[PDB]
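Down below is the structure, laid out as structure tokens.
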Amino acid sequence: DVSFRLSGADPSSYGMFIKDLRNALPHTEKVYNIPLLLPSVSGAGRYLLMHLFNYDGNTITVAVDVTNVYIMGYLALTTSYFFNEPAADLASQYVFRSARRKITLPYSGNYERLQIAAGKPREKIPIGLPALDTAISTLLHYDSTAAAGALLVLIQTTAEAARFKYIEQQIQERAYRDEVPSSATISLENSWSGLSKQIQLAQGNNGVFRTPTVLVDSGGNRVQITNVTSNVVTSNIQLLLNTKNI
Ligand SMILES: *[C@@H]1O[C@H](CO)[C@@H](O[C@@H]2O[C@H](CO)[C@@H](O)[C@H](O)[C@H]2NC(C)=O)[C@H](O)[C@H]1NC(C)=O
Ligand SMILES: O[C@@H]1[C@H](O)[C@H](O)CO[C@H]1O
């Protein structure tokens, strides 16, 4: 399992958490020195448990599928909650089975359905360590509309930061003051599967993407990533989605 406490959190302890989260994900190979997540894991071992504690010390446990870093559901006190999607229903066969009751959220876990549920795109929802403390708190008691925005904060501040060093840094910059994600952050999130695929296709193709990936950079400008020598590949991405899952 991995854990993160908001009480006394700072950029250093958040970075220790994101490092523990990356290191908990199994891999057998690296591709261009980036860990390649597994095609598949059977049974309970598919799910990592992330114990998150709000500033008051209240806790939820979040289940994350280790092949794709997708959050499947969470336990808060004696109730489990899962997204309304078959991968999550599958996860509910393995994790939090000792919950006294199980609620299926009224949406799946993808960004488009979550933003519809929340009533706002994630361009407009501040993220940071304080937003994550709020998100944990929100999830402690069921409210499906509030939970969709809490989950948009939770996914970005845990999974997306694990995938991209730039997003980990953005959150560290927001340790004591939330701010909406930069356009670059949103771009990276939206590009993780595409980048993961092109980095794998570049093995076999002399380091060159079969298809260029368009990203927004730190200055707000749209740029084309065409091969492994790009800073996004050498310095930023930390985990690749296996092409078997794309
Ligand atoms: C591989 O990617 C690099 C970019 O990371 C390409 O070089 C850049 O692209 C043009 C010049 O052709 C300029 O806009 C950039 O400033 C270049 N940057 C650097 C650091 O060289 C390069 O052309 C690509 N190579 C292949 C074979 O696609
Ligand atoms: O399917 C994707 C994954 O859950 C991502 O990590 C967050 O949002 C969804 O669109």
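Indexing begins at 1, ligand by ligand and atom by atom, following the structure's order. Count residues from 1 along the sequence.
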Please identify which atoms of ligand 1 are closer than 4.0 Å to at least one heavy atom of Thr226.
1 (C), 2 (O), 24 (C), 28 (O)

Taken to the nearest 0.5 Å, the spacing of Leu75 CG from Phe82 CZ works out to 8.0 Å

What residue and heavy atom of the protein are closest to atom 4 (C) of ligand 1, and at what distance?
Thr229 OG1, 4.5 Å

Could you give all pairs that pass the ring-ring contact (aromatic ring centres under 6.0 Å, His included) test and reach residues 21-78, with sequence neighbours left out?
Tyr74-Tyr81

For atom 8 (C) of ligand 1, is the nearest protein heavy atom closer than 4.0 Å?
no

Can you find a protein heavy atom closer to atom 1 (C) of ligand 1 than 4.0 Å?
yes

Atom pair CG/CD of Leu25 and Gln238 - distance to nearest 0.5 Å:
11.5 Å

Quick test of your reading: applying side-chain hydrogen bond (donor to acceptor under 3.5 Å, both in side chains), list the pairs with at least one residue in residues 129-142, sequence neighbours left out, ordered by first then second residue.
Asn54-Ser137

Taking non-hydrogen atoms within less than 4.0 Å of ligand 2, which protein residues qualify?
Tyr70, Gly109, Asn110, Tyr111, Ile155, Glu160, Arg163

So do the side chains of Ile186 and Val216 get within less than 4.5 Å of each other, counting heavy atoms only?
no

Nearest protein heavy-atom contact for atom 26 (C) of ligand 1: which residue, which atom, what distance?
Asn227 ND2, 3.1 Å

Can you pull out every ring-ring contact (aromatic ring centres under 6.0 Å, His included) where at least one residue sits in residues 104-139? Sequence neighbours excluded, please.
none

Whether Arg122 and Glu112 form a salt bridge (side-chain N of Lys/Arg under 4.0 Å from carboxylate O of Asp/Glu) is what I want to check.
no

Considering all protein heavy atoms, does one lie under 4.0 Å from atom 24 (C) of ligand 1?
yes

Any non-hydrogen protein atom less than 4.0 Å away from atom 14 (O) of ligand 1
no

Enclosure of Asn206 CG (heavy-atom neighbours >12, cutoff 6.0 Å):
no

Going by an N to O cut-off under 4.0 Å, is there a salt bridge joining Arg163 and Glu160?
yes

